[PDB]
Amino acid sequence: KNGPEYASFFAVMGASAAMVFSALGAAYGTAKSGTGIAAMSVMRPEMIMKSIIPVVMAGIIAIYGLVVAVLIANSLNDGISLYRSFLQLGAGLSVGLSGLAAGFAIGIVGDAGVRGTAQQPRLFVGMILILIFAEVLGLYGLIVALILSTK
Amino acid sequence: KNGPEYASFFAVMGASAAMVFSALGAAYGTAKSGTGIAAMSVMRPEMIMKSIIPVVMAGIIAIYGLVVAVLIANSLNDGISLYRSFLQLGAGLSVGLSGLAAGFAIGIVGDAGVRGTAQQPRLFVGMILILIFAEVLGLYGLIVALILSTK
Amino acid sequence: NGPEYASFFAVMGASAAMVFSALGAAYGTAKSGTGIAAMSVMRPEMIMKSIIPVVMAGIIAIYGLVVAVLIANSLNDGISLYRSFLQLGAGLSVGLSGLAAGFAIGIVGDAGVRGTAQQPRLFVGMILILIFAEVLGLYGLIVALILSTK
Amino acid sequence: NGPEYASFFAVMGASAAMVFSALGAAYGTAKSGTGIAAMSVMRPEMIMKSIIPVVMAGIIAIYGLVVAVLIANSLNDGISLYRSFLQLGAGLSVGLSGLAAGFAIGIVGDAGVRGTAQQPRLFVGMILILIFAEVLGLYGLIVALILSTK
Amino acid sequence: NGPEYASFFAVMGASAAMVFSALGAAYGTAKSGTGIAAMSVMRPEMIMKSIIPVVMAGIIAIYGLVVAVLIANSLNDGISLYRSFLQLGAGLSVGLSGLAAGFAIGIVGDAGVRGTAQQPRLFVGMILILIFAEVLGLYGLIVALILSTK
Amino acid sequence: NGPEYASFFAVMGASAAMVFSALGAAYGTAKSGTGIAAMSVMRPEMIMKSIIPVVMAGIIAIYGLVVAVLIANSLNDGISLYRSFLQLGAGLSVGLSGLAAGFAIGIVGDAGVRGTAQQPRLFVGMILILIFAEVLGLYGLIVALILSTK
Amino acid sequence: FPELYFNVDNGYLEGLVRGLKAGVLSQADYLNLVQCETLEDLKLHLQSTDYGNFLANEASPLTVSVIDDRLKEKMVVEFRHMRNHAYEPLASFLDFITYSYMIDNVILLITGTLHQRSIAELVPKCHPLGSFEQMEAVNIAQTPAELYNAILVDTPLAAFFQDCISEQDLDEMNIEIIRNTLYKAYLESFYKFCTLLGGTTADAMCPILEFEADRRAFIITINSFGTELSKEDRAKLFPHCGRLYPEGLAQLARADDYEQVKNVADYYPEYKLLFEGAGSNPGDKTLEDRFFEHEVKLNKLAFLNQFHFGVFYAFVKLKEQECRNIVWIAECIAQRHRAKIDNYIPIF
Amino acid sequence: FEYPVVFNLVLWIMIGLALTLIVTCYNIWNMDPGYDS
Amino acid sequence: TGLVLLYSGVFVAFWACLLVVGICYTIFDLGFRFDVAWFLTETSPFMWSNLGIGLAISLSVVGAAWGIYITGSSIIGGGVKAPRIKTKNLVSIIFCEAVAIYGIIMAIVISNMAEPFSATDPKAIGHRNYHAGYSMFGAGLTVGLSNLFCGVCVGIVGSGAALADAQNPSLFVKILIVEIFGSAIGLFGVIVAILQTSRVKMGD
Amino acid sequence: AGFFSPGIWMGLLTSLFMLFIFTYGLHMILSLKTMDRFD
Ligand SMILES: CO/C1=C/C(C)=C\[C@@H](C)[C@@H](O)[C@H](C)C/C(C)=C/C=C/[C@H](OC)[C@@H]([C@@H](C)[C@@H](O)[C@H](C)[C@@]2(O)C[C@@H](O)[C@H](C)[C@@H](C(C)C)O2)OC1=O
Ligand SMILES: CO/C1=C\C(C)=C/[C@@H](C)[C@@H](O)[C@H](C)C/C(C)=C/C=C/[C@H](OC)[C@@H]([C@@H](C)[C@@H](O)[C@H](C)[C@@]2(O)C[C@@H](O)[C@H](C)[C@@H](C(C)C)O2)OC1=O
Ligand SMILES: CO/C1=C\C(C)=C/[C@@H](C)[C@@H](O)[C@H](C)C/C(C)=C\C=C\[C@H](OC)[C@@H]([C@@H](C)[C@@H](O)[C@H](C)[C@@]2(O)C[C@@H](O)[C@H](C)[C@@H](C(C)C)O2)OC1=O
Ligand SMILES: CO/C1=C\C(C)=C\[C@@H](C)[C@@H](O)[C@H](C)C/C(C)=C/C=C/[C@H](OC)[C@@H]([C@@H](C)[C@@H](O)[C@H](C)[C@@]2(O)C[C@@H](O)[C@H](C)[C@@H](C(C)C)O2)OC1=O
Ligand SMILES: CO/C1=C\C(C)=C\[C@@H](C)[C@@H](O)[C@H](C)C/C(C)=C/C=C\[C@H](OC)[C@@H]([C@@H](C)[C@@H](O)[C@H](C)[C@@]2(O)C[C@@H](O)[C@H](C)[C@@H](C(C)C)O2)OC1=O
Ligand SMILES: CCCCCCCC/C=C\CCCCCCCC(=O)O
């Protein structure tokens, strides 16, 4: 039943990568689409609070990685089998690299969106409907990490 | 019961990498957003002490890594098990590289935010709202480093 | 039969025959499809006659699927190490030559449909160069059918 | 007889004779294919006689096709390690020199049909440089036919 | 006789002599072939006289051929490791010095031919510098002959 | 005698003495030879006066040839490991020091012949700098003769 | 390879400048403008385009000097919007477009200095694209072009002034030799910057910058016949950028006749068939009216590529033709001389 | 007996402290302070 | 190039060091120390199995999000002047959204086939659990990379079709054919991925 | 002894794989440069 002594390396490397790679995607979507707030603030200052959605939707990317990295850190156990620990490395890469790339697309569309909404306000329902499709991508990595970590 | 001789390498790396990569993020937040204070100073010098908010937000990133570099270095013994030191390797990476990302997001928004506040004073309530979202990325890495260091 | 690790090279011959020929079919459709969507605003009549550089890049996609189905059905538990090296070399030979035949369709098909929008005399010359770039993926297929079916 | 992994180098000569000569025939077709579409907007008469730099790039591909059939038809299970190294170097010789010949046909076939558009007197001079850049694929063929047939 | 891995270092001398001299002969033909098309548009009389820097680059192609046939005809099943290393350094020494001679021919042949379009007295001086870049491939030939024949 | 792998390091001293002095002589005749073409348009008189950086770059090539013949004639089947380490360091000492000297000749010989186009007083000063870049290959020669003839 | 990136930083701005292509007037937009009979009715037929309600506040007597000044202040606020949203690989490219107007304003700022004038020529008499509202030491430099040339090196035109010493513009060189030696150093520095940016923006833009070096190779050597500048004085005015560089510029500096520049353009079959202006006929297009049809033919071809920076320079040079075409329609309507009203360039 | 441990402890540190050293000395070598005045 | 010099400085120094090491294992007969058999058999098949599930979904949504931001900057960038784009040109977004549907389907089809065993000997772990380990790695690689290439292919065409709809509104239904041929590349990776794990059973 | 043990080869193929993921996610955040002017 007792696995090798290095078996718990790959599960903590999945709990680390579920939080590290999600925080990198959430910091790109906050910094890129928060630079776009200051460019539209000078001419159209009434659309500031309405355009904080691309830094809110990039913040849900980080709580996708926090949920997985807590479930891996609670399913950790001294002497886990080598099968169970690689299940949580693949659960860390499934929500880590998902939130890295889904948080990239919230940054690029969110920076291009809040600058094109401040000139054409009809694009606000069109910007948020592309950001939704770039936010379910972070949820496809979440609900396939909930399968792998709880397998 | 006892761990091998090389087992203490991975836990003193997570003590250093919690302090190295969180100070590398807190320095990017201080440098990139401290370049923006000198740009807003040449035209609007009343908002100097009020614009130290993006560099006091990066100062909390540095003490997120200081706490868990104390929580790890006070949990060190000679001959700790290889599982107990792998826990404190991912507890150092998930708060160093989360505070590294959260320091890249503080320094970019803090640069564009205090340069847009010089030309639009209504952005200061919006910039301080984005910096809350970019500061909890280091906090989500803290509450997953505490849940890993303690066990 | 063969050793325990023997099925690693036949799996990487079914992967690389489809991955490397998807990159050729994706470049041949995106580089030339950039040229279709930009010539179409000035010439909206030849927009359908110029699709044929993207259906020729799609043949590169089905050149790699013919061998990736042929390898992944003949592969069994414990083949010989000789038969798995054959299907690895049959996977790289159609994948990496479909990647070259997908590059030379993208660069020719982009420049061809811009020179056809400026002058319609190039269309018979464009679909003649595009055969020379598309038989490069056929030469990789008829030597991946030789190697895999030994 | 030889080891079981002896057939690894023998199928890396059937692969590298085809993938490196298709990557040379792609650069001869693509890079010189933009030169046709850039000169045919002004000179539409010289289209069918400018297919010569992409015809000569297509012979570089069938140089590697011949060697990759000679190697793959001389394959058995348990061949010796000496005959396996010959066919590896027979794939790298016709492959990496056909890639060099395809690099040179692509450069002087693109720039040749630009100068042929500005002057019809360069058409005999461009062909002679295309002969010198196509015997480089022929020199790699006669070392691949010497090494593989020992 | 020598070990079983010994024939790998002799085929990689027959292959590295061919593919590195072809890469030098391609760069001498490609870079000094675009110098012909930029020269001829004003002075088209000196087109056939300007085939010399692609002729001198074509002799570097056969400096590597005459030792790729010389190494591949001294190959035997079970050559010694000392005999097999002599042919490795006979391929690396006419290749990488012929690649240098083709690198220097393509630079001074391109700049020289562009220089004789506006000054015809440079052509007897450009052809003298091409001799000096030619013998760099000849110095690698006569040291690859005293290594293979040992 | 010595081990069976001992002759590898002496062959890589015979070839590194050639291919690194031929790369120095390539950069010497190509970088200075592209300055002869820019000088020729305004001063076509001193064309033969300007082959001196190209001549002294060819002296670097025969410095590496002399050591490479001297190493390749000091080879036996089964030399000691000490003797073959001497000729590895005798090949780097004239190869990589001829690559430095040939780089220096090509840089000052390029600016020297473009400076004598506008002032012929530099010509007696251009040659005097090139002797200082010549002796770096000569210093590498007389340490290669000391190391190899032990 | 430049296509899977380039929408990171420059994806919103490229779709914006292609939205401003759709506002460039078509042939059917021009055919409704040539039917106008007064400038008051040209205000009506322009409102059906995207120009609309731009002349609605000026005056009831509508003169042609207001339409020209209100058209070109609409291209400035469209260019200044795309520069204030630009990132650094593109903002360095958009500053290279304004150096053709900073050069035309620096020369205007030294003629007042040699004739002892001041900032009164700066604000009303300069192009707003290349504008000096920052670098405020230029705006107070009343010094006679010696302590002022030491202020023009605190300006992005500093790297082009390495062939004009401050003693040369101090009445030593003619005012057009100072122009074209800066413009020679401008195009050769803009051709190298457009070669470092490789890929699609180096083959859709360097054909435009090659023809711009061959316009000023042909137009300089044709207008340098009766004047007193030597053949060595116009050989340093040729930009070493175009197709004519090693051979045509050797013959253009020895021409001395219009028939000697016609048989050096016969070597290049793109420049012959452009040398058929042939102004001996009374009514036809001249040479520079045929060089403008080729400047906008290469500029339309930049919109056939997608992922490149050349879509922005080919919009400024096609919105400049809008301020030349509509004013030409307005200057043939206000004078009622509309038999040559079809001598515009029908861009789209 | 611990030869694979001590080999990988030295190798992945001394090229982790060399790449950190090379990147640092590359940025101070190419500093670009800005110098005309 | 500043940072590409670092990536090319490591890639050169890796393969130049494998050139020297490769001609020092053969040359003093230490070939026997290489042991690619020992690498493929002593590395756990749960490592290859979970680099197949980890790369089926994550490398699909890399290409699903790479194709969204390429064409989503052309919706909002091109739709400032012509705001009729934002409802007709959403099927370009869906065609690169569906390549992540193929990722999450083929990540939970592969994950149903991985089951634990207890053996540790490479003879006790037979060549059914090793074939099941390699085929899960090679099926998450041919459905992750073939959707990484398909998702950017229908994003580059979708970004060009969103800028042709801005000029002429009648052109979008004909450049939609090019996104159909581009989105068939992603379905071709799923056909190979279900055939690599058809006869796969892991466990004992 | 050898240079590598089978526990290191699994831990090195995992660490040097998500180092490639990290430097892909750090190269993008090292290139999100801001603007110079505002309007
Ligand atoms: C001396 O104290 C400082 C302390 C340091 C080094 C470290 C920790 C305390 C800090 O790392 C902790 C983590 C965060 C915190 C709570 C800091 C308080 C900081 C000081 O206080 C804000 C400001 C001080 C400049 C600041 O106080 C201004 C005087 C100001 O008063 C101006 C206000 O208009 C401004 C809005 C307000 C905000 C910024 C707090 O503070 O500096 C300092 O060096
Ligand atoms: C057609 O086969 C030619 C070369 C081929 C196929 C293959 C190789 C074997 C070549 O690898 C080898 C080296 C043979 C070679 C290089 C021979 C010289 C040949 C001819 O001899 C110039 C010219 C030929 C171009 C000639 O017709 C030139 C017009 C010209 O003669 C015109 C002369 O004015 C100019 C002065 C002259 C010089 C060099 C004496 O070149 O090549 C060829 O025929
Ligand atoms: C104060 O920090 C806020 C939350 C923080 C600190 C912490 C974590 C849980 C958070 O880190 C995570 C990201 C919580 C999360 C994933 C969303 C929470 C969103 C809030 O709930 C919209 C908004 C939002 C209410 C508010 O910020 C704006 C006022 C605004 O509501 C104004 C609206 O007019 C605009 C339309 C609206 C958007 C959201 C619909 O944004 O902020 C906050 O309170
Ligand atoms: C379209 O694929 C065609 C044939 C294919 C696939 C050949 C491969 C097997 C090729 O792998 C290799 C190169 C063999 C080869 C040699 C083919 C020549 C082919 C044709 O040539 C007859 C071309 C066609 C270029 C040619 O026929 C032109 C009409 C032309 O005849 C026009 C002439 O004015 C021109 C001078 C003449 C010269 C250039 C050959 O070519 O047609 C074709 O059907
Ligand atoms: C056969 O190839 C020639 C030399 C080659 C290949 C030498 C190799 C064997 C080499 O290993 C070296 C370089 C032998 C060597 C060192 C020759 C030196 C000069 C040659 O002379 C002997 C010049 C020289 C005659 C001539 O080329 C020049 C026109 C000139 O005569 C005219 C003078 O104005 C000029 C100043 C003077 C200088 C340059 C020496 O030489 O030519 C050649 O043909
Ligand atoms: C065993 C430890 C070895 C690994 C440690 C690696 C940690 C790297 C830490 C810092 C490297 C960053 C230095 C580059 C400074 C960036 C300059 C800039 O971007 O302006």
# chains A, B, ... in the order shown; residues from 1 in each chain; ligands from 1
call {"tool": "residues_around", "arguments": {"residues": "residue 69 of chain C", "least_positions_apart": "3", "cutoff": "10 Å", "atoms": "only C-alpha atoms", "output": "list in words"}}
result
residues 14, 17, 18, 64, 65, 66, 72, 73, 74 and 75 of chain C; 191, 192, 193, 195 and 196 of chain I
call {"tool": "write_last_selection", "arguments": {"atoms": "N, CA, C and O atoms", "output": "PDB file, in the first residue's frame"}}
result
ATOM      1  N   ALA C  14       1.861   7.119 -34.834  1.00  0.00           N
ATOM      2  CA  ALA C  14       0.487   7.498 -35.130  1.00  0.00           C
ATOM      3  C   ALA C  14       0.180   8.905 -34.645  1.00  0.00           C
ATOM      4  O   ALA C  14      -0.729   9.553 -35.173  1.00  0.00           O
ATOM      5  N   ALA C  17       2.228  11.396 -37.206  1.00  0.00           N
ATOM      6  CA  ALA C  17       1.670  11.408 -38.550  1.00  0.00           C
ATOM      7  C   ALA C  17       0.428  12.276 -38.635  1.00  0.00           C
ATOM      8  O   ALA C  17       0.066  12.724 -39.725  1.00  0.00           O
ATOM      9  N   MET C  18      -0.239  12.515 -37.510  1.00  0.00           N
ATOM     10  CA  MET C  18      -1.417  13.369 -37.487  1.00  0.00           C
ATOM     11  C   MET C  18      -1.137  14.757 -36.940  1.00  0.00           C
ATOM     12  O   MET C  18      -1.748  15.720 -37.406  1.00  0.00           O
ATOM     13  N   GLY C  64      -2.477  12.545 -43.694  1.00  0.00           N
ATOM     14  CA  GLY C  64      -2.018  12.101 -42.395  1.00  0.00           C
ATOM     15  C   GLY C  64      -3.011  11.253 -41.640  1.00  0.00           C
ATOM     16  O   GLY C  64      -2.613  10.527 -40.728  1.00  0.00           O
ATOM     17  N   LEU C  65      -4.296  11.332 -41.984  1.00  0.00           N
ATOM     18  CA  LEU C  65      -5.286  10.492 -41.322  1.00  0.00           C
ATOM     19  C   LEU C  65      -5.320   9.086 -41.907  1.00  0.00           C
ATOM     20  O   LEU C  65      -5.687   8.141 -41.201  1.00  0.00           O
ATOM     21  N   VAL C  66      -4.949   8.929 -43.180  1.00  0.00           N
ATOM     22  CA  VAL C  66      -4.906   7.604 -43.793  1.00  0.00           C
ATOM     23  C   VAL C  66      -3.843   6.739 -43.125  1.00  0.00           C
ATOM     24  O   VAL C  66      -4.081   5.564 -42.817  1.00  0.00           O
ATOM     25  N   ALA C  72      -2.692   2.916 -36.193  1.00  0.00           N
ATOM     26  CA  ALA C  72      -3.395   2.692 -34.933  1.00  0.00           C
ATOM     27  C   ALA C  72      -4.357   1.514 -34.971  1.00  0.00           C
ATOM     28  O   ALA C  72      -4.923   1.175 -33.929  1.00  0.00           O
ATOM     29  N   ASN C  73      -4.569   0.893 -36.129  1.00  0.00           N
ATOM     30  CA  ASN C  73      -5.332  -0.345 -36.205  1.00  0.00           C
ATOM     31  C   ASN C  73      -4.449  -1.576 -36.307  1.00  0.00           C
ATOM     32  O   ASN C  73      -4.841  -2.646 -35.834  1.00  0.00           O
ATOM     33  N   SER C  74      -3.271  -1.453 -36.916  1.00  0.00           N
ATOM     34  CA  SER C  74      -2.337  -2.567 -36.984  1.00  0.00           C
ATOM     35  C   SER C  74      -1.510  -2.712 -35.716  1.00  0.00           C
ATOM     36  O   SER C  74      -0.879  -3.755 -35.519  1.00  0.00           O
ATOM     37  N   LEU C  75      -1.496  -1.693 -34.863  1.00  0.00           N
ATOM     38  CA  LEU C  75      -0.762  -1.761 -33.609  1.00  0.00           C
ATOM     39  C   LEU C  75      -1.475  -2.665 -32.612  1.00  0.00           C
ATOM     40  O   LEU C  75      -2.677  -2.527 -32.373  1.00  0.00           O
TER      41      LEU C  75
ATOM     42  N   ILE I 191     -10.643  11.626 -34.241  1.00  0.00           N
ATOM     43  CA  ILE I 191     -10.797  10.312 -34.860  1.00  0.00           C
ATOM     44  C   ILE I 191      -9.564   9.454 -34.604  1.00  0.00           C
ATOM     45  O   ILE I 191      -9.672   8.258 -34.312  1.00  0.00           O
ATOM     46  N   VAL I 192      -8.376  10.058 -34.657  1.00  0.00           N
ATOM     47  CA  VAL I 192      -7.157   9.324 -34.343  1.00  0.00           C
ATOM     48  C   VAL I 192      -7.059   9.058 -32.843  1.00  0.00           C
ATOM     49  O   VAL I 192      -6.559   8.008 -32.424  1.00  0.00           O
ATOM     50  N   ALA I 193      -7.584   9.964 -32.013  1.00  0.00           N
ATOM     51  CA  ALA I 193      -7.474   9.787 -30.569  1.00  0.00           C
ATOM     52  C   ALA I 193      -8.405   8.702 -30.047  1.00  0.00           C
ATOM     53  O   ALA I 193      -8.081   8.046 -29.052  1.00  0.00           O
ATOM     54  N   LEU I 195      -9.088   6.064 -31.837  1.00  0.00           N
ATOM     55  CA  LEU I 195      -8.558   4.823 -32.376  1.00  0.00           C
ATOM     56  C   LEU I 195      -7.253   4.410 -31.719  1.00  0.00           C
ATOM     57  O   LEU I 195      -6.857   3.247 -31.840  1.00  0.00           O
ATOM     58  N   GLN I 196      -6.575   5.331 -31.031  1.00  0.00           N
ATOM     59  CA  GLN I 196      -5.389   4.951 -30.275  1.00  0.00           C
ATOM     60  C   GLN I 196      -5.758   4.351 -28.927  1.00  0.00           C
ATOM     61  O   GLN I 196      -4.993   3.553 -28.377  1.00  0.00           O
TER      62      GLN I 196
END
call {"tool": "closest_atom_pairs", "arguments": {"of": "chain J", "to": "chain I", "cutoff": "9 Å", "atoms": "only C-alpha atoms", "output": "Markdown table"}}
result
| residue | atom | partner | partner_atom | distance |
| --- | --- | --- | --- | --- |
| J:2 | CA | I:33 | CA | 8.3 |
| J:6 | CA | I:42 | CA | 5.8 |
| J:7 | CA | I:43 | CA | 7.7 |
| J:9 | CA | I:43 | CA | 7.1 |
| J:10 | CA | I:43 | CA | 6.1 |
| J:14 | CA | I:47 | CA | 8.8 |
| J:27 | CA | I:3 | CA | 8.4 |
call {"tool": "residues_near_ligand", "arguments": {"ligand": "ligand 2", "cutoff": "7 Å", "atoms": "only C-alpha atoms and all ligand atoms", "output": "PyMOL selection string"}}
result
(chain D and resi 128+131-132+135) or (chain E and resi 48-49+51-52+55+58-59+62)
call {"tool": "residues_around", "arguments": {"residues": "segment 95-104 of chain G", "least_positions_apart": "5", "cutoff": "12 Å", "atoms": "only C-alpha atoms", "output": "MDAnalysis selection string"}}
result
chainID G and resid 76 79:80 82:84 86:90 109:111 122 125:133 152 155:161 175:176 178:194 209 309:310 312:317
call {"tool": "residues_around", "arguments": {"residues": "segment 272-280 of chain G", "least_positions_apart": "6", "cutoff": "10 Å", "atoms": "only C-alpha atoms", "output": "number ranges by chain"}}
result
G: 261-266, 286-291, 293-294
call {"tool": "write_last_selection", "arguments": {"atoms": "N, CA and C atoms", "output": "mmCIF file, in the first residue's frame"}}
result
data_model
loop_
_atom_site.group_PDB
_atom_site.id
_atom_site.type_symbol
_atom_site.label_atom_id
_atom_site.label_comp_id
_atom_site.auth_asym_id
_atom_site.auth_seq_id
_atom_site.Cartn_x
_atom_site.Cartn_y
_atom_site.Cartn_z
ATOM 1 N N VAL G 261 16.683 61.659 -68.902
ATOM 2 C CA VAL G 261 16.016 60.966 -67.803
ATOM 3 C C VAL G 261 14.888 60.084 -68.304
ATOM 4 N N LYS G 262 14.526 60.186 -69.583
ATOM 5 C CA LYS G 262 13.487 59.325 -70.130
ATOM 6 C C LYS G 262 14.049 57.973 -70.553
ATOM 7 N N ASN G 263 15.303 57.936 -71.004
ATOM 8 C CA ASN G 263 15.909 56.673 -71.405
ATOM 9 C C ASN G 263 16.654 55.982 -70.271
ATOM 10 N N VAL G 264 16.631 56.543 -69.059
ATOM 11 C CA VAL G 264 17.057 55.799 -67.879
ATOM 12 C C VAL G 264 15.850 55.232 -67.144
ATOM 13 N N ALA G 265 14.655 55.755 -67.406
ATOM 14 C CA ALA G 265 13.433 55.133 -66.927
ATOM 15 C C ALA G 265 12.934 54.055 -67.872
ATOM 16 N N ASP G 266 13.491 53.979 -69.082
ATOM 17 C CA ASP G 266 13.131 52.914 -70.006
ATOM 18 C C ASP G 266 13.748 51.581 -69.611
ATOM 19 N N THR G 286 -0.148 65.156 -66.550
ATOM 20 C CA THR G 286 1.283 65.421 -66.593
ATOM 21 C C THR G 286 2.045 64.277 -65.922
ATOM 22 N N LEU G 287 3.326 64.508 -65.624
ATOM 23 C CA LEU G 287 4.149 63.460 -65.029
ATOM 24 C C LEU G 287 3.768 63.209 -63.576
ATOM 25 N N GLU G 288 3.639 64.271 -62.782
ATOM 26 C CA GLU G 288 3.325 64.095 -61.372
ATOM 27 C C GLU G 288 1.866 63.725 -61.136
ATOM 28 N N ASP G 289 0.984 63.963 -62.102
ATOM 29 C CA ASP G 289 -0.352 63.391 -62.040
ATOM 30 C C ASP G 289 -0.365 61.916 -62.405
ATOM 31 N N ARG G 290 0.711 61.412 -63.010
ATOM 32 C CA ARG G 290 0.880 59.988 -63.246
ATOM 33 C C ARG G 290 1.758 59.321 -62.199
ATOM 34 N N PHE G 291 2.528 60.100 -61.440
ATOM 35 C CA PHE G 291 3.209 59.578 -60.266
ATOM 36 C C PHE G 291 2.288 59.497 -59.061
ATOM 37 N N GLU G 293 -0.949 58.515 -59.445
ATOM 38 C CA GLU G 293 -1.712 57.299 -59.694
ATOM 39 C C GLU G 293 -0.930 56.052 -59.324
ATOM 40 N N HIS G 294 0.394 56.140 -59.271
ATOM 41 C CA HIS G 294 1.219 55.020 -58.851
ATOM 42 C C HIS G 294 1.513 55.036 -57.361
#
call {"tool": "closest_residue", "arguments": {"among": "B:28, B:64, B:9, B:21", "to": "ligand 1", "atoms": "only C-alpha atoms and all ligand atoms"}}
result
B:64
call {"tool": "residues_around", "arguments": {"residues": "segment 77-85 of chain D", "least_positions_apart": "4", "cutoff": "7 Å", "atoms": "only C-alpha atoms", "output": "ChimeraX atom specification"}}
result
/C:82 /D:1-4,6-7,9-10,89 /E:4,7-8,11,77
call {"tool": "residues_around", "arguments": {"residues": "residue 31 of chain B", "least_positions_apart": "6", "cutoff": "10 Å", "atoms": "only C-alpha atoms", "output": "CSV table (one decimal) with N, CA and C atoms, in the first residue's frame"}}
result
chain,number,residue,atom,x,y,z
B,25,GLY,N,8.5,40.2,-7.2
B,25,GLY,CA,7.3,40.7,-7.6
B,25,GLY,C,7.0,42.0,-7.0
B,55,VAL,N,2.2,51.4,-4.4
B,55,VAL,CA,3.4,50.9,-3.9
B,55,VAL,C,3.3,50.4,-2.4
B,107,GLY,N,2.3,46.5,-10.7
B,107,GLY,CA,3.2,47.4,-11.3
B,107,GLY,C,2.7,48.0,-12.6
B,108,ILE,N,1.9,47.2,-13.4
B,108,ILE,CA,1.4,47.7,-14.7
B,108,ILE,C,0.2,48.5,-14.5
B,110,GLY,N,-0.6,50.0,-11.6
B,110,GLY,CA,-0.1,51.1,-10.9
B,110,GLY,C,0.7,52.1,-11.7
B,111,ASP,N,1.2,51.7,-12.9
B,111,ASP,CA,1.8,52.7,-13.7
B,111,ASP,C,0.8,53.4,-14.6
call {"tool": "residues_around", "arguments": {"residues": "segment 96-112 of chain I", "least_positions_apart": "5", "cutoff": "8 Å", "atoms": "only C-alpha atoms", "output": "ChimeraX atom specification"}}
result
/A:133,137,140-141,144,148 /I:52-54,56-58,60-61,63-65,67-68,136,140,143-144,147,150-152,154-155,183,186-187,190,193-194,197
